[PDB]
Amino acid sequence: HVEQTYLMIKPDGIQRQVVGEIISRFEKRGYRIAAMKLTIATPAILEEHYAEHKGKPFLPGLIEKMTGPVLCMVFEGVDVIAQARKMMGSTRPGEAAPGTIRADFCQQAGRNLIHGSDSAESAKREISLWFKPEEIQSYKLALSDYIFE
């Protein structure tokens, strides 16, 4: 039984030119790319993405940091919502475990490279916000017999 999570490379990931390295970390576990699109995030869409934080003092600067090119992605795998969170590491890179993306690449929470859904409910909401259903692709990985038990 597999699930799907929303992962988004933030403008710092694009500008630091580590997009390929990020994708490779998820491919390495046999996670399937179900969707992928480069766009430029805008305030209206970011207000919806960060709807839980409406009105909080840090939101305007957060939206400013996130207004830029992003790579929208959907990855599929066993327990991938929780596992992708573990792979990204703590929101604050200084607290993230060695071997995680944020510990290996970043310094501060406001520039922490990547977003991933924090729950099944958020994954559904975020995939619906950033992708059209046309953009989610169904296919099977040829190495499935050696990835899944």
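Quick note: we count residues from 1 along the sequence shown, nothing fancier.
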Original post:
For the C-alpha atoms alone, is the average B factor greater in 26-34 or in 56-64, going by the entry?
Top reply: 56-64
**OP:** Higher average CA B factor in the deposited record is what I'm after, so tell me if that's 76-84 or 114-122.
**Re:** 114-122
**OP:** Please pick out which of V70, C106, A96, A51 has the largest Cα B-factor as recorded in the entry.
**Re:** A51
Original post:
Looking at the C-alpha B-factor of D12, is it in the lowest, middle or highest third of its chain?
Top reply: middle
**OP:** Determine, from the deposited record, the chain-internal third of the Cα B-factor for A41: lowest, middle or highest.
**Re:** middle
